[PDB]
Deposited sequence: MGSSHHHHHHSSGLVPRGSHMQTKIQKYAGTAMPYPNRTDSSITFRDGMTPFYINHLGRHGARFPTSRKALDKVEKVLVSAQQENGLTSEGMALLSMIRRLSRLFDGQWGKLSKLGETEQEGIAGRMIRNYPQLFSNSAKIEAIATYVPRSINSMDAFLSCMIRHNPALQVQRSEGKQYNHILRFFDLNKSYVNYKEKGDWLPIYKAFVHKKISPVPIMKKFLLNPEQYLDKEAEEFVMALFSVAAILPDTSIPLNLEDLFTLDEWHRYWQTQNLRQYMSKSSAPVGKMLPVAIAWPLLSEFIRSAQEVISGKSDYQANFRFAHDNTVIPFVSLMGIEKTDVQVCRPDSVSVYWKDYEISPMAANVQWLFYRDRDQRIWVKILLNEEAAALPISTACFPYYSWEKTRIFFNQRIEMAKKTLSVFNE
């Protein structure tokens, strides 16, 4: 788990992860994917072609331009698709599940999976389900997807106040000034461009940020090309700090967002609770519910659960990266699993896995990582009521 990989942030590939519950409640981000937009690629290409006609390219700049042109051809028709790596990531997560808990998925167990309408989310769900069925063809499987699940899987598109905050909110100037403070474009552009100092700092900043974006997503495409050495480790460190801050403020518990980015996730936390309550009571006889969606789903959902420190409210932008780390929350294929157990006195316990590692809640338990379900559900219902009160201030 190299330092260079974590600096890819939410573009980091899923990390290496090489008694018996009666129910699993799951939310998983789509696996590693191709870039969704050619804007960054085009920005880099346009700068290098303009410099080539002012004879402003270095030898490395010429090699960079040939490499950008090649990536453009290789990405054509692939934008936003789940990659082969993304497929194998889902197979790894499914495969450890059934290997770790074969009794749960034995005999004729019943599972349900849902996904958004986005193809990479559907393909991720199918990669996961195909691994499941291959290990046990006797499973009973319900498979559905689409805009009917917008309310629980795409709440970030439905809340008018949040949409306005995401596209024009007060986090934007903080982010811009942080980028200006953190990113020094001239040392980077010097490798590629003669006289980078003649570039306006705005243009230079966009070029370097677009180039970082191309380099960060390349390991997710399964294309055997790598661009990490366009930048030093310290430049990747700084780039990651800016992108970590952008994710924190736009999607999580930053004070500037007033917890609006977190509150909008309560319908999914409510559905998690309801589907476990239905299994416990008998209204449902599913052994597992799986859900496939986006990092814009996972990040606020994890904060609203209050998994420790993921909902920290950090006043100072410069301090965020010490306390909140996006690659620890939402790498590619990020996933949350609630594992439910019934002990010898029929009391219900729950373990919370975040990227398959046990997570902590700010409640007490005498046998960590297992929490009383009763205590946990009461705590989550309080988080939901808090979310609704937060949304009452933005009723808009």
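**Q** Against the full deposited sequence, which stretches does the structure leave out?
**A** Counting from residue 1, the stretches without coordinates are 1-21, 40-48.
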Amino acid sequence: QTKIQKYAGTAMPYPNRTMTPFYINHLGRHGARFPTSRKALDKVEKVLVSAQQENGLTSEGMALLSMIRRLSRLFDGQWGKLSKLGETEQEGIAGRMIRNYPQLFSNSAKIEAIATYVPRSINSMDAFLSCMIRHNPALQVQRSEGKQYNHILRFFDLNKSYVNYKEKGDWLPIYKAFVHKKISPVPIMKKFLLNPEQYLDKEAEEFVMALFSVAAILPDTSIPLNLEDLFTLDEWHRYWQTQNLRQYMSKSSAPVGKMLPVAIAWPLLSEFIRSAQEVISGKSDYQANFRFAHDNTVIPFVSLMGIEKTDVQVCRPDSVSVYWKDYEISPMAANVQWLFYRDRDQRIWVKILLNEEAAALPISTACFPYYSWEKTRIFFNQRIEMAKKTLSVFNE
From here on, numbers count along this sequence of modelled residues.
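**Q** May I ask you to compare 266-274 and 199-207 by their mean CA B factor in the entry and name the higher one?
**A** Mean CA B-factor is higher for 199-207.
**Q** So 367-375 or 52-60, which one's hotter by mean CA B-factor in the entry?
**A** Mean B over CA atoms: larger for 52-60.
**Q** Which of these has the highest Cα B-factor in the record: 216, 189, 304, 259?
**A** Comparing C-alpha B-factors across 216, 189, 304, 259, the maximum falls on 189.
**Q** Would you mind checking which of 19, 11, 384, 24 has the top Cα temperature factor in the PDB entry?
**A** In the PDB entry, the greatest C-alpha B-factor among 19, 11, 384, 24 is found at 19.
**Q** By its CA B factor, does residue 328 count among the lowest, middle or highest third of the modelled residues in the chain?
**A** For residue 328, whose C-alpha B-factor we compare with every modelled residue in the chain, the answer is the middle third.
**Q** Please place residue 315 in the lowest, middle or highest third of its chain according to the CA B-factor in the PDB entry.
**A** Answer is highest: the recorded C-alpha B-factor places it there.
**Q** Taking the values exactly as deposited, rank residue 87 by C-alpha B-factor within its chain and report the matching third: lowest, middle or highest.
**A** Within its chain, residue 87 is a lowest-third residue by C-alpha B-factor, going by the deposited values.
**Q** Name the third of the chain's ranked CA B-factors that contains residue 300, choosing lowest, middle or highest.
**A** Answer is lowest: the recorded C-alpha B-factor places it there.
**Q** Please place residue 254 in the lowest, middle or highest third of its chain according to the CA B-factor in the PDB entry.
**A** As the PDB entry reports it, the C-alpha B-factor of residue 254 lands in the lowest third of its chain.
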